[PDB]
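Report on the following structure.
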Amino acid sequence: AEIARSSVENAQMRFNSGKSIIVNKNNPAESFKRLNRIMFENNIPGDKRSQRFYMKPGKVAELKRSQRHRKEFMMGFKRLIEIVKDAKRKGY
Amino acid sequence: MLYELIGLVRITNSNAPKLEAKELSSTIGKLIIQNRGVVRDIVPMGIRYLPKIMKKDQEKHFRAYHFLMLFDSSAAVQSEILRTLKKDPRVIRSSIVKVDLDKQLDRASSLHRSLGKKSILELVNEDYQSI
Amino acid sequence: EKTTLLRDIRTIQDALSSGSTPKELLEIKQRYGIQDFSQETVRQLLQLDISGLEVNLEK
Amino acid sequence: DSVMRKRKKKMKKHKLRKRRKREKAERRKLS
Amino acid sequence: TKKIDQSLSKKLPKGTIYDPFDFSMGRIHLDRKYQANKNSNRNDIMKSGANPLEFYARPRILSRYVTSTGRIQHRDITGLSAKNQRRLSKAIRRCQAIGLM
Amino acid sequence: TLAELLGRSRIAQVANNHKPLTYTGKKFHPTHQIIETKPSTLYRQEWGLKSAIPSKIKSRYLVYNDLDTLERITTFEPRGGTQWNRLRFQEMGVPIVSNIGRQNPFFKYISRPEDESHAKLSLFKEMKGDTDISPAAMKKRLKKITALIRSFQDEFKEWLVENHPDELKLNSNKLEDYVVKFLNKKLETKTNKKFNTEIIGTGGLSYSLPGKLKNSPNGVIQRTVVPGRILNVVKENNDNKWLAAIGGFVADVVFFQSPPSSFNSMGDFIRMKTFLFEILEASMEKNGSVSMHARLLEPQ
Amino acid sequence: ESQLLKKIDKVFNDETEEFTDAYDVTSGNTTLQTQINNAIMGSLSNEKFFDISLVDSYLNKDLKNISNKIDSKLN
Amino acid sequence: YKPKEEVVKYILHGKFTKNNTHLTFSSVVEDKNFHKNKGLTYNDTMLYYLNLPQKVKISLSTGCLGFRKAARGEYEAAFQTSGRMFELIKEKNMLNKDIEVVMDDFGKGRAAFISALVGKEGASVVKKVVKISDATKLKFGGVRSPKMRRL
Amino acid sequence: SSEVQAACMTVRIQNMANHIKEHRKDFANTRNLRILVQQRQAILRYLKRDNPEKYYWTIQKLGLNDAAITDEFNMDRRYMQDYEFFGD
RNA sequence: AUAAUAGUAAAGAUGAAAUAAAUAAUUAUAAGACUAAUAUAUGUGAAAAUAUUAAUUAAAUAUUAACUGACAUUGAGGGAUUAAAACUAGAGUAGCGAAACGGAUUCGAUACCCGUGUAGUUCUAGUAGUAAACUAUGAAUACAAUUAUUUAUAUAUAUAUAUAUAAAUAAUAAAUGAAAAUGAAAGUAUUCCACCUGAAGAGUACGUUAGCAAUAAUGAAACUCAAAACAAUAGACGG
Ligand SMILES: [K+]
Ligand SMILES: [K+]
Ligand SMILES: [K+]
Ligand SMILES: [K+]
Ligand SMILES: [K+]
Ligand SMILES: [K+]
Ligand SMILES: [K+]
Ligand SMILES: [Mg+2]
Ligand SMILES: [Mg+2]
Ligand SMILES: [Mg+2]
Ligand SMILES: [Mg+2]
Ligand SMILES: [Mg+2]
Ligand SMILES: [Mg+2]
Ligand SMILES: [Mg+2]
Ligand SMILES: [Mg+2]
Ligand SMILES: [Mg+2]
Ligand SMILES: [Mg+2]
Ligand SMILES: [Mg+2]
Ligand SMILES: [Mg+2]
Ligand SMILES: [Mg+2]
Ligand SMILES: [Mg+2]
Ligand SMILES: [Mg+2]
Ligand SMILES: [Mg+2]
Ligand SMILES: [Mg+2]
């Protein structure tokens with residue numbers, strides 16, 4: 001009945017996937033840029049490419065170890081650059 | 001052992017939303033108390049929209065009445081209850097998690113423990129000493 | 001024996017506060033051996049060993 | 001041992017496996 | 001034009017003390033660089049001492065630690081301890097299996 | 001001995017501080033001790049610290065956290081600008097007054113238990129003033145205390161039956177009162193937070209006593225006029241007052257009736273111009289901030 | 001079963017409130033005050049949820065040897 | 001009681017693979033008398049309005065515009081195919097109701113379709129587009145992919 | 001005391017053996033059972049040297065014999081078949 | 001995969017190609033296998049291994065109290081467990097995929113790439129006991145100079161830090177070493193086990209033992225040679 005007619009709006013958007021954007025009728029190219037940001041913050045393009053071919057578990061583990069090391073190495077590099085900049089500012 | 005059942009009952013009749021849930025709680029409660037078990041609490045959680053459209057016994061669902069039931073029974077009885085829930089067409093999803101009683105005999109439901117109330121005595125003593 | 005400690009201790013405390021002496025009490029005076037029914041007889045029927053341990057530990 | 005040296009053992013193992021397959025085949029026909 | 005972008009002007013709170021440097025662009029840039037969600041702890045249940053596994057039936061609280069698609073956030077982003085991250089991830093996975101998240 | 005001398009050394013006098021030298025939150029009062037070096041010592045990079053400060057530093061004021069670090073540098077910032085905020089407040093000659101009319105914290109007043117009638121409000125503040133306490137160290141305030149309070153059971157099981165037996169046989173509404181007093185009476189002797197870290201009064205911003213008039217060659221000054229700056233061109237959202245920057249402090253400016261037309265004209269560059277203000281009152285909040293109220297004196 | 005029927009009615013009733021977890025509801029001390037009172041008063045406590053002190057004083061002739069003492073004092 | 005099929009919205013779906021681009025334009029049809037049927041439960045009504053039937057109107061690939069073999073998976077092939085779709089939607093009077101765009105994968109035609117819709121070629125369709133979404137299908141474990149190619 | 005330790009181990013051995021009889025592929029807990037049985041042998045071997053009278057009393061009450069204690073034991077596959085540990 | 005629906009004429013693949021009412025889209029149904037984020041295999045486990053959820057059973061941590069009173073270490077033989085492949089029997093078989101048959105590439109292409117795709121990959125009950133089964137580093141005990149970072153327990157308070165004691169990891173002193181480096185061991189010492197004695201022949205031959213089988217374990221000699229190997233150095237070269 002109408003009870004099943006007036007409660008479909010929330011119901012429709014209650015089962016959201018999180019990969020949708022409400023287009024800005026003024027700047028429609030800014031909504032496509034927002035959608036792209038979601039894809040990259042959920043690694044959707046990377047996951048899709050990584051699922052095209054099978055990789056042996058040993059190789060998967062090696063790549064995961066190396067990637068983590070590079071991430072941590074970059075964080076250690078940036079920490080040292082900040083110290084350099086601070087030291088330079090104070091005249092060291 | 002203390003167990004915490006969370007069941008998602010089907011809401012077939014929009015006029016009587018809390019009908020199958022009441023009928024189901026009575027069935028489960030009777031199994032527990034008729035097999036040397038104790039029912040410690042029954043916390044209704046209300047009608048909620050399912051995270052997705054779910055299926056059960058060749059039927060689809062978009063909403064369900066959520067309810068929690070904290071009960072004490074033996075492992076054999078707990079498995080019997082789970083078997084009946086997994087077969088009942090009314091139940092869409094059912095989970096039974098053990099609540100450890102090694103350190104204290106009186107534990108509240110996870111919902112209540114999340115709010116800081118660790119024991120049922122704390123809940124009752126906040127309904128008598130302050131209500 | 002369907003008789004329970006709580007119920008029996010609720011008759012020795014009501015008969016001792018009402019004056020009634022049904023034959024149940026005489027039986028209760030045999031179930032427990034408590035010939036005399038006073039306020040200082042229920043206190044000696046419900047004594048817990050822990051109490052004795054607490055005094056031995058202080059000594 | 002280095003890969004270079006391992007490769008000599010690899011060749012010997014291959015030739016032994018090749019010879020045992022060859023012998024097996026003969027037994028099948030001769031049987 | 002009588003208008004400036006908010007990103008190019010600093011609003012000094014009321015009751016606070018200031019230096020002449022607080023009106024410069026360096027202050028604007030310095031505030032962006034050192035802008036961290038440090039106030040989360042006081043608003044972060046999982047950084048308060050509660051056991052995250054007690055929230056397995058409360059999807060609303062758990063949904064604060066997953067992305068828009070439901071991907072559990074790395075500890076680098078949540079800032080939780082190893083134990084709480086481990087417990088929180090278990091809670092979310094259990095919540096997903098029950099049919100609540 | 002060397003240990004005795006060290007404890008009294010000028011470096012020992014500076015209280016340990018690890019607060020961020022670069023803080024971007026709300027600043028209400030000084031956080032670091034300003035260190036000053038004389039011009040002669042500055043010429044030789046001598047500041048009385050462990051190591052020479054880099055010659056690039058031309059200021060004579062700095063604030064530091066660590067004398068030395070694993071990075072082989074001193075952690076310092078060459079700034080001493082909170083002193084000018086205090087001296088500018090002194091020049092405005094506005095005494096700090098209590099908006100609640102409390103006793104002056106800098107005078108040894110003979111106080112009585114007028115506010116001590118809230119014994120149950122503050123005796124439990126020790127366990128309930130735990131806004132930012134650990135989930136288990138705060139829980140150690142439950143068993144540790146329970147044993148301490150439970151050790152006074154015999155004392156209160158005799159005093160209560162010897163001083164107020166009627167209440168024990170009639171009602172506990174008064175028994176609870178005798179309990180709150182008992183613990184406090186047995187706790188005043190104890191030392192629970194005997195040292196209070198809360199800011200005392202102005203915190204040292206001003207030691208001026210209200211009442212004195214400012215004599216001037218043109219007569220007694222009745223209204224204090226101080227140059228300032230308007231920060232926003234639109235009143236604080238949800239508030240009926242704008243914000244001004246007067247003497248290193250942000251004040252709430254109340255206008256006579258209307259807002260000068262230079263506001264609309266200037267817009268978001270209103271801070272580029274200097275206006276004259278009158279400082280109505282100055283109050284101190286518990287956070288350690290100063291609540292300065294001003295009035296936009298406009299040429300008329 | 002009698003208790004079960006009364007509990008089901010009282011929890012699944014329109015008047016009853018249900019934990020819908022849609023908002024951070026607002027309002028420890030209550031349960032902490034019962035502990036403080038039961039620690040100081042002990043046997044002579046007014047809390048509905050008392051501690052073992054009361055049961056110990058009963059079996060130790062203390063709650064009775066004090067009731068008589070108080071009454072004797074009143075005399 | 002009477003079939004009252006009506007269009008509620010249109011779905012512009014684009015599948016952008018490595019070798020081709022497929023663009024489908026569909027209509028979300030709703031029988032506005034479904035609730036007037038007999039023996040219809042509240043669940044069946046809500047379930048019918050949560051997944052409304054869809055009818056395909058325009059189906060295009062890069063080979064329909066004459067691009068052959070290796071050229072089908074290039075940027076230019078997708079841009080022209082996107083234009084032909086935006087034109088066929090105006091030549092069929094299907095630009096009256098709101099359009100929801102669903103993009104599927106991340107080939108070279110994904111950025112061509114977006115450029116053709118935020119540009120002159122899609123100045124009519126873009127005005128009706130109300131929601132954009134991604135429908136890339138990922139597997140949580142699932143079937144074993146083919147072995148890596150040794151090239 | 002060695003007699004008490006052997007008795008306490010006996011309870012756990014009995015419980016662990018029952019588990020293995022229902023989980024014959026649980027090799028991790030089969031390994032634990034083997035080690036526990038061997039530990040009980042070691043404690044009783046010391047008891048025989050320390051207090052022979054108590055030793056013989058203890059093993060008689062636990063249902064064991066001198067051979068079960070002194071002989072090398074590995075709870076191997078032949079033992080599982082010669083004493084029908086799993087039944088059939 | 002099958003069916004329906006409208007909707008069409010190409011689709012799929014590749015370096016480019018070609019081999020075998022569709023493709024795409026929206027529904028409905030079935031089947032098998034796998035387990036996205038979290039995630040560091042951090043941790044756990046004797047190793048092999050182990051990361052979707054719940055339950056049952058079993059095992060696993062620290063401190064304190066009491067207790068036993070050297071009951072310990074190591075461990076030949078022996079025993080148990082042991083990836084992937086392989087095999088025996090019965091189910092299963094979506095996807096992947098030795099082989100085989102085709103399409104390409106190429107001077108040729110028994111290949112690399114593509115198609116069709118059998119065994120196998122899955123489950124149950126077994127056989128077998130092999131891997132670069134690797135930290136290429138057996139186990140135990142006593143001991144030795146620092147820093148940093150986490151974790152744990154404890155302590156204190158002017159309540160959130162501070163102070164302690166262990167563990168882990170990282171970088172080091174000393175020491176050791178052919179050096180590369182190791183760093184609480186590859187240091188200083190002690191105890192027990194395994195193993196090695198030029199290269200090639202060879203982990204082969206023969207015999208034996210075990211296995212349904214493939215095989216696994218054990219394991220030589222002759223002939224020939226003055227070689228052979230490791231770390232590091234400076235070059236040359238690198239599609
Ligand atoms: K590991
Ligand atoms: K001895
Ligand atoms: K031995
Ligand atoms: K051996
Ligand atoms: K297959
Ligand atoms: K390795
Ligand atoms: K060994
Ligand atoms: Mg070697
Ligand atoms: Mg291409
Ligand atoms: Mg294939
Ligand atoms: Mg032993
Ligand atoms: Mg299709
Ligand atoms: Mg995963
Ligand atoms: Mg590790
Ligand atoms: Mg050994
Ligand atoms: Mg088979
Ligand atoms: Mg092939
Ligand atoms: Mg075997
Ligand atoms: Mg072999
Ligand atoms: Mg080997
Ligand atoms: Mg391995
Ligand atoms: Mg050992
Ligand atoms: Mg061999
Ligand atoms: Mg070399």
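By convention in this document, chain letters (A, B, ...) are assigned in the order of the sequence lines, proteins followed by strands, and residues within each chain are numbered from 1. Computed over heavy atoms, backbone and side chain alike; hydrogens, waters and symmetry mates excluded.
- No Watson-Crick or G-U wobble pair joins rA30(J) and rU42(J) with the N1-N3 or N1-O2 distance and the second distance both under 3.5 Å.
- The interatomic distance linking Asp1(D) (CG) with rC196(J) (P) rounds to 16 Å, in whole Å.
- A Watson-Crick or G-U wobble pair joins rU122(J) and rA91(J), with the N1-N3 or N1-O2 distance and the second distance both under 3.5 Å.
- Under a 3.5 Å limit on both donor-acceptor distances, the bases of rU182(J) and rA175(J) meet the Watson-Crick or G-U wobble criterion.
- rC143(J) has its base anti relative to the sugar, with a glycosidic angle deviating from 0 by more than 90°.
- Under the 6.0 Å cut-off for aromatic ring centres, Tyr83(I) and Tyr79(I) qualify, their centroids lying closer than that.
- Counting any heavy atom pair closer than 4.0 Å across all strands shown, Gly142(H) reaches a base atom.
- Between the base of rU38(J) and the side chain of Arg93(E) there is a donor-acceptor pair shorter than 3.5 Å.
- Out of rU68(J), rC230(J), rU159(J), the shortest distance to the side chain of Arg141(F) is found at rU159(J).
- Checked against salt bridge (charged side-chain N to carboxylate O under 4.0 Å, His left out), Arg17(D) has no partners two or more places apart in sequence or in another chain.
- Under the 3.5 Å distance criterion, the side-chain polar atoms of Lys139(H) are matched with a main-chain donor or acceptor of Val143(H).
- Under the 3.5 Å cutoff applied to both distances, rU121(J) and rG95(J) qualify as a Watson-Crick or G-U wobble pair.
- Remark: the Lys6(D) side chain and the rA136(J) base include a donor-acceptor N/O pair separated by less than 3.5 Å.
- For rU172(J), the paired nucleotide is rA145(J), the pair qualifying as Watson-Crick or G-U wobble because both relevant distances are below 3.5 Å.
- Counting only heavy atoms from C-beta on, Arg68(H) has its side chain closest to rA10(J) among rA10(J), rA54(J), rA25(J).
- Side-chain atoms of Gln96(E) come within donor-acceptor range of the base of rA37(J), with a qualifying N/O pair under 3.5 Å.
- Between the side chain of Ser73(B) and the backbone N or O of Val77(B), no donor-acceptor pair lies under 3.5 Å.
- Counting distance only, with no hydrogens placed and no angle test, the side-chain atoms of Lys83(E) and the base atoms of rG43(J) include no donor-acceptor pair under 3.5 Å.
- Remark: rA168(J) pairs with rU149(J), satisfying the Watson-Crick or G-U wobble criterion at under 3.5 Å for both atom pairs.
- Nucleotides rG90(J) and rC123(J) qualify as a pair under the Watson-Crick or G-U wobble definition, both contacts being shorter than 3.5 Å.
- Residue contacts for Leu151(H): at a heavy-atom cut-off of 4.0 Å it reaches the sugar-phosphate backbone alone, with no base atom in range.
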